[PDB]
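Just one chain is shown here, as structure tokens, and it is the form deposited in one PDB entry.
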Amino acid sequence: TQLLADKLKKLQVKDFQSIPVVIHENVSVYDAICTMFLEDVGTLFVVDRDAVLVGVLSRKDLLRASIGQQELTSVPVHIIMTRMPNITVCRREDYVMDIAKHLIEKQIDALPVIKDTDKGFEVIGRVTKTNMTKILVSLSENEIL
């Protein structure tokens, strides 16, 4: 059954990514939490003015913040975001299997799908445990490839 595993290891992000949810880095912690409920997501991708990736913000970053009791309404998200270097990203041609393992090796719920531009790492989707769970329902229902 090794060529079957081979073939799964070649499913690509292109086909299984969700949209990106992004915020500007100069947005407040309060505003980012708001966006989190409006978009009903679990991770936000933080961008700079033009509009390259610069960090990420999970439910736990924000909860940590709101329990910290700084002036939330004034406090910009670059203060608390997880920053570049230093985020696990992927690209549309990356294999979902690899991505699944990163999500496990690194215990995070989502990766950003970036694109190498003449601006930098721009954000063009996400891939998350939900995507993985969907790919896993699709296979059990024999609906892939």
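Rigid core (definition): largest C-alpha set, two forms, superposition within 1.5 Å. Position 1 is the first residue in the sequence shown; the rest follow in order.
Note on 63-71 vs 44-52: mean CA B-factor is higher in 63-71. Across the two stretches, 33-41 and 53-61, the PDB entry reports the greater mean Cα temperature factor for 33-41.
Compared with the other modelled residues of the chain, the Cα B-factor recorded for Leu3 ranks in the highest third. For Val137, the recorded CA temperature factor ranks within the lowest third of the chain's modelled residues. Sorting the modelled residues of the chain by their CA temperature factor places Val113 in the lowest third.
Sort the chain's modelled residues by C-alpha temperature factor and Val96 lands in the middle third, per the entry. Per the PDB record, residue ranking by Cα B-factor puts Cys90 in the lowest third of the chain.
The following text describes the form deposited in another entry, which does not appear among the structures shown.
Once the rigid core is overlaid between the shown form and the other one, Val75 does not reach a Cα shift of 2 Å, moving by less than that. Annotation: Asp31/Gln69 CA-CA distance longer in the other entry than in the displayed model, change of at least 3 Å. Whereas the displayed form keeps them at a certain spacing, the CA atoms of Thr73 and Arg59 lie at least 3 angstroms closer in the other entry.
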